[PDB]
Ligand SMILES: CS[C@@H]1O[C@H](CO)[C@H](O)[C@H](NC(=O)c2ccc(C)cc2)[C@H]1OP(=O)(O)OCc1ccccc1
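Below sits a lone chain in structure tokens, taken as the form deposited without the named molecule.
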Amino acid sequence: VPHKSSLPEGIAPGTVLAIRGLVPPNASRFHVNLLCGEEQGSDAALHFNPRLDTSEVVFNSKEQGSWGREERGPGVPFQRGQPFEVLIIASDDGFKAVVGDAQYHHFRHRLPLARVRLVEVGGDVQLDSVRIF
């Protein structure tokens, strides 16, 4: 609405963000953001953006209001009308994106993991659960 999960103590290398939901029938795109605070315009360590309308999955970061260079995942492991399960796994050198029990993309840290304070999910998605271990 967007969904928000606050992480005031940050997340350590060895953290799993598990997201399950349904991509609805007319979905254009949705996003999962790991933000550095609760304020508007907060920096993004990771912006994860499956785009159903253009058949791409874009990864990016945002720092001081300005976006970095987009990375793209190999293919689109999402489909309108289908449920999904995504793991975003924080490691020492980046985030591992796991979709449907298959390694999908590695996004190397651009901001220090130590700054992440919030997980935000928005867009054309119908959330089943958002869990942080």
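One rule holds for the numbers: they count along the sequence shown, beginning at 1.
Omitted here: the form deposited with the named molecule bound. The next part is about that form.
Checked against the named molecule in the deposited complex, the residues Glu70, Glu38, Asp93, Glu85 give one hit for a heavy atom within 4.5 Å, which is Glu70.
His105 falls outside the set of residues with a heavy atom inside 4.5 Å of the named molecule in the deposited complex. None of the heavy atoms of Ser42 is located within 4.5 Å of the named molecule in the deposited complex. Taking non-hydrogen atoms only, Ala27 never approaches the named molecule to within 4.5 angstroms in the deposited complex.
Taking non-hydrogen atoms only, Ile89 never approaches the named molecule to within 4.5 angstroms in the deposited complex.
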